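A short write-up of the structure that comes next.
Methodologically, a virtual Cβ is constructed for each residue, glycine included, from the backbone with ideal geometry; neighbour enumeration extends over all protein chains shown. Laboratory data are not the source of any read-out in this text; all were calculated from the coordinates shown.
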2 protein chains.
Amino acid sequence: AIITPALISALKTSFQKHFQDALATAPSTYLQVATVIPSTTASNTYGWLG
Amino acid sequence: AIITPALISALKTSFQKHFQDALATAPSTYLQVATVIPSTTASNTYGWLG
């Protein structure tokens, strides 16, 4: 047996990173409800006509 | 920074013709419930013989 097993508890443990990054964000959805037409300015106003 | 960015606000603005005539008239349906019989006069009267 071990008279003082406390000092070996660290070595009697295994570390598995199976829970690391085992998740993801929800699937992209703005494509179906929105479209992207970017610009190079800060405002990008649309002066359309009737 | 700029003391009066409002004057130079045009630098930070863009005008893309994106919201431009992005509509279409409702699909034609007169053909379904009507027929075209044009003439070259001002009245185009019709008659019958019972």
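Annotation for chain A: chymotrypsin sites (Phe, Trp or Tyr not before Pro) lying in DSSP loop with at most 14 further Cβ atoms inside 10 Å of their Cβ are A:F15, A:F19, A:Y46, A:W48. Would you work out if the protein assembly as shown is rounded, prolate or oblate? Take a ≥ b ≥ c from the square roots of the eigenvalues of the alpha-carbon gyration tensor; rounded if a/c is under 1.5, else prolate when a/b is larger than b/c, oblate otherwise. It is oblate, given that a/c is not under 1.5 and a/b is not larger than b/c.
Projecting 7 Å from Cα along the Cα-to-Cβ direction, the label point of A:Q20 sits 5.3 nm from its equivalents in the other copies, listed shortest first. Coupling constants for region A:9-20 follow from the phi torsions by the Karplus curve (6.51 cos²θ - 1.76 cosθ + 1.60, θ = phi - 60°), and in residue order they are 4, 4, 7, 9, 10, 10, 10, 10, 8, 6, 8, 7 Hz; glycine and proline get x.
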